[PDB]
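Take a look at this single chain in structure tokens; it is the form deposited in one PDB entry.
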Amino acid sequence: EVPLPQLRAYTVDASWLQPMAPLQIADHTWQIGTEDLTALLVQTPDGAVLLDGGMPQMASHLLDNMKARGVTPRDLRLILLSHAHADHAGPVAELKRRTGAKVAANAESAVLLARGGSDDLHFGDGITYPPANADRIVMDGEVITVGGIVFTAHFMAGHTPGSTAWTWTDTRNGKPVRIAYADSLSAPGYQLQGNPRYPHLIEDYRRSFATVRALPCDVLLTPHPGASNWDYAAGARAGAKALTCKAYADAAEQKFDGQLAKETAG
């Protein structure tokens, strides 16, 4: 008698779950997540925006960091997402219950979020999380403005169908800083070629490399900070080694081409 296996939790490196204090990126923009997962707070005179929340168990830590910044539950107006995997959208449902936040996302991200990341094109039910509903559906190139910070959506399908880069302009020394929060360009364990659930996967990734390369991009940030060479634990030099969007796109394409060759060989 051999029973069916137990459910397996989505377990991650400790650094992904290690709380950090708010780290200022620009005059209105702060990293408020963990050492190894990005969660960006943008604070304005007319309320706050959160871009990603990390893993499901980060909800209370995000709220504590918000409070440290002076942002109350009612002040949080909007949640935006890079993509709706458990390690970036994990706490969205809980945050919606505990704050005034509404979610804006593209149709692909909204559908995946509403499924709690189940029936993932590549991971199946391996990384599920509490489902949430989007309040507003955004189209490619659509802008959303909160307290004069203008967020533009740039669709960059591949890592997920609904993967998005969000760009906005903040300041640092009275000078503009064009921030690009670019989504993952990885395909971890994906079948790339002839995948029946994603027939045009390769062409979407190629288009997404080009989109990322061309973003307005004084400062690049990524959901996994290591992807853009950020080190959130390095304090005053956290962003010193950060890649350009151009360099991030180039490295991702080189890796992707390598993975294609390995897939053909395998």
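Throughout, we count residues from 1 along the sequence that is shown. Residues that one form lacks are left out of the comparison. For clarity, a rigid core is taken as the largest C-alpha set superposing within 1.5 Å between two forms.
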{"query": "79 to 87 versus 166 to 174 - greater average Cα B-factor per the deposited record", "finding": "166 to 174"}
{"query": "Mean temperature factor over C-alpha atoms, higher-scoring stretch between 65 to 73 and 25 to 33", "finding": "65 to 73"}
{"query": "Selection by C-alpha B-factor (highest) of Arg207, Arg237, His224, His200", "finding": "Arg237"}
{"query": "From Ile179, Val103, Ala182, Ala187, residue of greatest CA B-factor", "finding": "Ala187"}
{"query": "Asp125 by Cα B-factor - lowest, middle or highest third of the modelled chain", "finding": "highest"}
{"query": "Modelled-residue ranking by C-alpha temperature factor, third containing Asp52", "finding": "lowest"}
{"query": "Third of the chain, ranked by Cα B-factor, where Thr44 sits", "finding": "highest"}
{"query": "Lowest, middle or highest third - CA B-factor, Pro196", "finding": "middle"}
{"query": "Cα B factor band for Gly147 (lowest, middle or highest third within the chain)", "finding": "highest"}
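Heads up, the form deposited in another entry isn't pictured, but that's what we're talking about next.
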query	finding
Candidates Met20, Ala242, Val12, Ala251 - which moves between the shown form and the other one, C-alpha at least 2 Å, core fixed	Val12
Cα-Cα trend for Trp16 and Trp168, given that in the other entry the distance shifts by 3 Å or more	farther
Once both forms are overlaid on the core, stretches between the shown form and the other one of 3 or more residues with C-alpha shifts of 2 Å or more	1 to 16
